[PDB]
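Everything on this sheet refers to the single structure shown next.
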Amino acid sequence: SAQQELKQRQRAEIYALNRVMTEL
Amino acid sequence: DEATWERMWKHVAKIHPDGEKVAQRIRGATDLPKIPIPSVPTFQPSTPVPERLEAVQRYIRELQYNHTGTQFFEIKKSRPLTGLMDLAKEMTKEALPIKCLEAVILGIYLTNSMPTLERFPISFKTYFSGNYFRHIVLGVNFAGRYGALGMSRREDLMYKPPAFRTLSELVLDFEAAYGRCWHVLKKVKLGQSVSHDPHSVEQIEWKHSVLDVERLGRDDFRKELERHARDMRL
């Protein structure tokens with residue numbers, strides 16, 4: 001489950017970054 | 001996969017105006033907006049296939065277009081269908097942003113339960129300002145009418161409800177859409193129907209027909225799209 005708590009935070013970061021990158 | 005992960009952050013540092021502060025603030029933020037995991041659409045047998053397609057496309061949209069510059073689901077186009085379906089299932093489980101090719105695989109995975117729905121890839125090669133651009137969507141046929149599933153940076157380069165009466169009209173809609181953003185359509189690649197067996201050992205035929213849109217001309221372009229529609233009913 002150490003694998004799973006890591007994928008959820010990474011997902012939140014990917015979508016945080018994805019939102020910034022949509023500024024185009 | 002830590003190597004890839006830091007690759008994505010270094011690439012953001014270059015391309016974005018304020019490259020470094022953006023990575024700092026996001027990777028270092030302890031509180032981030034939790035993103036709800038999208039629910040995979042499941043359908044009653046009474047729901048008409050067109051209403052099902054809207055739900056599949058809505059699910060695909062929820063994942064959002066991948067603007068990060070790093071693809072999270074690599075796709076070897078030569079993999080058997082059962083390999084890509086396993087990969088589509090993992091997109092379903094990872095639920096991350098996607099690009100044009102990944103949405104085609106998702107569209108097949110989510111429409112394998114609709115035997116009355118024909119699915120086939122359509123890829124485009126367009127020209128603009130000295131550069132070439134490649135895009136792909138998932139063509140669909142229902143009750144003799146044509147539409148498309150896909151993912152794009154533009155709204156009119158992906159979802160088309162299955163309303164076009166011929167394949168030509170569907171493709172010419174895409175060409176018109178390309179023209180509205182000043183892309184010239186150079187080449188169209190149309191695949192064969194995709195098997196509905198998610199365990200099938202066959203590849204997607206991405207290049208069953210390759211049409212040179214400039215060397216063909218208007219009416220010869222139309223005859224070629226009609227031949228491809230005729231060919232999928234094999």
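Each chain in the structure tokens gets a letter, A, B, ..., in the order shown, and its residues are numbered from 1; ligands are numbered from 1 in order too.
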
Got a sec: who's within 12 Å of residue A:23, counting only C-alpha atoms, leaving out chain neighbours fewer than 2 positions off, as a ChimeraX atom specification?
-> /A:17-21 /B:16-17,67-68

Contacts of residue A:16 at 12 Å (only C-alpha atoms; same-chain gap of 2+ positions) as number ranges by chain = A: 9-14, 18-22; B: 22-23, 25-29, 31-35, 64, 66-68, 96-97

Limited to N, CA, C and O atoms, could you put the picked residues into a file as a CSV table (one decimal), in the first residue's frame?
chain,number,residue,atom,x,y,z
A,9,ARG,N,-0.9,10.7,-4.6
A,9,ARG,CA,-0.3,12.0,-4.5
A,9,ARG,C,0.3,12.4,-5.8
A,9,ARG,O,0.2,13.6,-6.2
A,10,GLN,N,1.0,11.5,-6.5
A,10,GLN,CA,1.5,11.8,-7.9
A,10,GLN,C,0.4,12.2,-8.8
A,10,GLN,O,0.6,13.1,-9.6
A,11,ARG,N,-0.8,11.6,-8.7
A,11,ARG,CA,-1.9,11.9,-9.6
A,11,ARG,C,-2.4,13.3,-9.3
A,11,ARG,O,-2.6,14.1,-10.2
A,12,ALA,N,-2.5,13.7,-8.0
A,12,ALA,CA,-2.8,15.1,-7.6
A,12,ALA,C,-1.8,16.1,-8.2
A,12,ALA,O,-2.2,17.2,-8.6
A,13,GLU,N,-0.5,15.7,-8.2
A,13,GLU,CA,0.5,16.6,-8.7
A,13,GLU,C,0.4,16.7,-10.3
A,13,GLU,O,0.7,17.7,-10.8
A,14,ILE,N,0.1,15.6,-10.9
A,14,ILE,CA,0.1,15.6,-12.4
A,14,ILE,C,-1.1,16.5,-12.9
A,14,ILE,O,-0.9,17.2,-13.8
A,18,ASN,N,-0.9,19.7,-14.9
A,18,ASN,CA,-1.8,19.7,-16.1
A,18,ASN,C,-2.6,21.0,-16.2
A,18,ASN,O,-2.8,21.6,-17.3
A,19,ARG,N,-3.1,21.4,-15.1
A,19,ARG,CA,-4.0,22.6,-15.1
A,19,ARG,C,-3.1,23.8,-15.4
A,19,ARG,O,-3.6,24.7,-16.2
A,20,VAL,N,-1.9,24.0,-14.8
A,20,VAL,CA,-1.1,25.1,-15.2
A,20,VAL,C,-0.7,25.1,-16.7
A,20,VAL,O,-0.8,26.1,-17.3
A,21,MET,N,-0.4,23.9,-17.2
A,21,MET,CA,0.0,23.8,-18.6
A,21,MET,C,-1.1,24.1,-19.6
A,21,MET,O,-0.8,24.3,-20.8
A,22,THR,N,-2.4,24.2,-19.1
A,22,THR,CA,-3.5,24.5,-20.0
A,22,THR,C,-3.6,26.0,-20.2
A,22,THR,O,-4.6,26.4,-20.9
B,22,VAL,N,7.3,26.9,-10.8
B,22,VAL,CA,6.1,26.1,-11.0
B,22,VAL,C,6.3,24.7,-10.4
B,22,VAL,O,5.4,24.2,-9.7
B,23,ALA,N,7.4,24.1,-10.7
B,23,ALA,CA,7.7,22.7,-10.1
B,23,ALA,C,7.9,22.8,-8.6
B,23,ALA,O,7.4,21.9,-7.9
B,25,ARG,N,6.5,24.9,-6.4
B,25,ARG,CA,5.2,25.1,-5.7
B,25,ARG,C,4.4,23.9,-5.8
B,25,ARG,O,3.7,23.6,-4.8
B,26,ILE,N,4.4,23.1,-6.9
B,26,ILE,CA,3.5,21.9,-6.9
B,26,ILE,C,4.1,20.7,-6.2
B,26,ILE,O,3.4,20.1,-5.4
B,27,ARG,N,5.4,20.4,-6.5
B,27,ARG,CA,6.0,19.2,-5.9
B,27,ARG,C,6.1,19.4,-4.4
B,27,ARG,O,6.0,18.5,-3.6
B,28,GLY,N,6.3,20.7,-3.9
B,28,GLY,CA,6.4,21.0,-2.5
B,28,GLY,C,5.2,21.3,-1.8
B,28,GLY,O,5.2,21.4,-0.5
B,29,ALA,N,4.0,21.4,-2.5
B,29,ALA,CA,2.8,21.7,-1.8
B,29,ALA,C,2.3,20.5,-1.0
B,29,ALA,O,2.1,19.4,-1.6
B,31,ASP,N,-0.8,20.5,0.6
B,31,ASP,CA,-2.2,20.4,0.3
B,31,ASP,C,-2.4,20.7,-1.1
B,31,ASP,O,-2.2,21.8,-1.6
B,32,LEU,N,-2.9,19.7,-1.9
B,32,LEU,CA,-3.3,19.8,-3.3
B,32,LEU,C,-4.8,19.4,-3.4
B,32,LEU,O,-5.3,18.7,-2.6
B,33,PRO,N,-5.5,20.0,-4.4
B,33,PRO,CA,-6.9,19.6,-4.7
B,33,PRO,C,-6.9,18.1,-5.1
B,33,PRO,O,-6.3,17.7,-6.1
B,34,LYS,N,-7.6,17.3,-4.3
B,34,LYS,CA,-7.8,15.9,-4.6
B,34,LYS,C,-8.7,15.8,-5.8
B,34,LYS,O,-9.8,16.4,-5.9
B,35,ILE,N,-8.2,15.0,-6.8
B,35,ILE,CA,-9.0,14.8,-8.0
B,35,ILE,C,-9.8,13.6,-7.9
B,35,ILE,O,-9.3,12.5,-7.6
B,64,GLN,N,-9.0,14.4,-19.1
B,64,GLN,CA,-8.4,15.7,-19.6
B,64,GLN,C,-7.2,15.4,-20.6
B,64,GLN,O,-6.6,14.3,-20.6
B,66,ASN,N,-3.5,15.6,-22.1
B,66,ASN,CA,-2.2,15.6,-21.4
B,66,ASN,C,-1.4,16.7,-22.0
B,66,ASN,O,-0.9,16.6,-23.1
B,67,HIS,N,-1.3,17.8,-21.2
B,67,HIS,CA,-0.5,19.0,-21.6
B,67,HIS,C,0.9,18.9,-21.0
B,67,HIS,O,1.7,19.8,-21.3
B,68,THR,N,1.2,18.0,-20.1
B,68,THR,CA,2.4,17.9,-19.3
B,68,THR,C,3.6,17.7,-20.2
B,68,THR,O,4.7,18.0,-19.8
B,96,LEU,N,-5.2,9.0,-15.6
B,96,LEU,CA,-4.3,10.1,-15.8
B,96,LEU,C,-4.6,10.8,-17.1
B,96,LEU,O,-5.3,10.2,-18.0
B,97,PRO,N,-4.2,12.0,-17.3
B,97,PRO,CA,-4.4,12.7,-18.6
B,97,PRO,C,-3.8,11.9,-19.8
B,97,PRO,O,-2.9,11.1,-19.6

Identify, with DSSP run on backbone atoms, the residues in stretch 140-204 of chain B assigned to alpha helix (DSSP H), and express the list as a ChimeraX atom specification.
-> /B:167-180

Please, could you write that set of residues out with N, CA and C atoms as a PDB file, in the first residue's frame?
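Produced file selection.pdb, reproduced below:
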ATOM      1  N   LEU B 167     -18.969   8.076 -44.833  1.00  0.00           N
ATOM      2  CA  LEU B 167     -17.633   8.287 -44.284  1.00  0.00           C
ATOM      3  C   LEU B 167     -17.001   9.554 -44.848  1.00  0.00           C
ATOM      4  N   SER B 168     -17.266   9.853 -46.124  1.00  0.00           N
ATOM      5  CA  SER B 168     -16.734  11.067 -46.736  1.00  0.00           C
ATOM      6  C   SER B 168     -17.125  12.305 -45.938  1.00  0.00           C
ATOM      7  N   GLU B 169     -18.408  12.418 -45.583  1.00  0.00           N
ATOM      8  CA  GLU B 169     -18.867  13.575 -44.822  1.00  0.00           C
ATOM      9  C   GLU B 169     -18.171  13.667 -43.470  1.00  0.00           C
ATOM     10  N   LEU B 170     -17.925  12.524 -42.824  1.00  0.00           N
ATOM     11  CA  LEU B 170     -17.228  12.541 -41.542  1.00  0.00           C
ATOM     12  C   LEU B 170     -15.806  13.060 -41.708  1.00  0.00           C
ATOM     13  N   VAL B 171     -15.093  12.555 -42.716  1.00  0.00           N
ATOM     14  CA  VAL B 171     -13.702  12.947 -42.914  1.00  0.00           C
ATOM     15  C   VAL B 171     -13.623  14.392 -43.392  1.00  0.00           C
ATOM     16  N   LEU B 172     -14.538  14.796 -44.280  1.00  0.00           N
ATOM     17  CA  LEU B 172     -14.512  16.170 -44.770  1.00  0.00           C
ATOM     18  C   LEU B 172     -14.855  17.150 -43.657  1.00  0.00           C
ATOM     19  N   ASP B 173     -15.643  16.715 -42.670  1.00  0.00           N
ATOM     20  CA  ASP B 173     -15.851  17.542 -41.488  1.00  0.00           C
ATOM     21  C   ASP B 173     -14.532  17.785 -40.769  1.00  0.00           C
ATOM     22  N   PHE B 174     -13.723  16.731 -40.617  1.00  0.00           N
ATOM     23  CA  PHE B 174     -12.416  16.882 -39.989  1.00  0.00           C
ATOM     24  C   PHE B 174     -11.511  17.780 -40.821  1.00  0.00           C
ATOM     25  N   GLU B 175     -11.541  17.619 -42.147  1.00  0.00           N
ATOM     26  CA  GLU B 175     -10.728  18.469 -43.010  1.00  0.00           C
ATOM     27  C   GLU B 175     -11.149  19.926 -42.868  1.00  0.00           C
ATOM     28  N   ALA B 176     -12.463  20.176 -42.875  1.00  0.00           N
ATOM     29  CA  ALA B 176     -12.971  21.525 -42.651  1.00  0.00           C
ATOM     30  C   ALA B 176     -12.514  22.057 -41.300  1.00  0.00           C
ATOM     31  N   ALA B 177     -12.583  21.216 -40.265  1.00  0.00           N
ATOM     32  CA  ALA B 177     -12.132  21.617 -38.937  1.00  0.00           C
ATOM     33  C   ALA B 177     -10.644  21.933 -38.933  1.00  0.00           C
ATOM     34  N   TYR B 178      -9.844  21.133 -39.642  1.00  0.00           N
ATOM     35  CA  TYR B 178      -8.429  21.460 -39.786  1.00  0.00           C
ATOM     36  C   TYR B 178      -8.249  22.792 -40.499  1.00  0.00           C
ATOM     37  N   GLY B 179      -9.060  23.055 -41.526  1.00  0.00           N
ATOM     38  CA  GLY B 179      -8.904  24.293 -42.265  1.00  0.00           C
ATOM     39  C   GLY B 179      -9.239  25.511 -41.431  1.00  0.00           C
ATOM     40  N   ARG B 180     -10.162  25.364 -40.473  1.00  0.00           N
ATOM     41  CA  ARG B 180     -10.552  26.492 -39.633  1.00  0.00           C
ATOM     42  C   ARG B 180      -9.411  26.969 -38.745  1.00  0.00           C
TER      43      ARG B 180
END

Please identify all polymer residues within 10 Å of residue B:4, counting only C-alpha atoms, omitting same-chain residues fewer than 4 positions from it, and present them as a list in words.
-> residues 8, 9, 70, 71 and 72 of chain B

Please produce an output containing N, CA, C and O atoms for each residue in the selection, written as a JSON list (two decimals), in the first residue's frame.
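Contents of out-v2.json, as written:
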[["chain", "number", "residue", "atom", "x", "y", "z"],
["B", 8, "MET", "N", 9.88, 14.53, -16.47],
["B", 8, "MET", "CA", 8.74, 15.38, -16.73],
["B", 8, "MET", "C", 8.90, 16.76, -16.08],
["B", 8, "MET", "O", 8.51, 17.78, -16.66],
["B", 9, "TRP", "N", 9.49, 16.79, -14.89],
["B", 9, "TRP", "CA", 9.65, 18.06, -14.19],
["B", 9, "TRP", "C", 10.77, 18.89, -14.79],
["B", 9, "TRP", "O", 10.68, 20.13, -14.80],
["B", 70, "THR", "N", 4.57, 14.68, -21.10],
["B", 70, "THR", "CA", 5.06, 13.34, -20.79],
["B", 70, "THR", "C", 3.90, 12.37, -20.84],
["B", 70, "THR", "O", 2.91, 12.54, -20.12],
["B", 71, "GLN", "N", 4.02, 11.35, -21.70],
["B", 71, "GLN", "CA", 2.98, 10.35, -21.85],
["B", 71, "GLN", "C", 3.12, 9.27, -20.79],
["B", 71, "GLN", "O", 4.20, 8.69, -20.62],
["B", 72, "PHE", "N", 2.03, 8.99, -20.08],
["B", 72, "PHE", "CA", 2.02, 8.08, -18.95],
["B", 72, "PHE", "C", 1.69, 6.64, -19.33],
["B", 72, "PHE", "O", 1.89, 5.74, -18.52]]
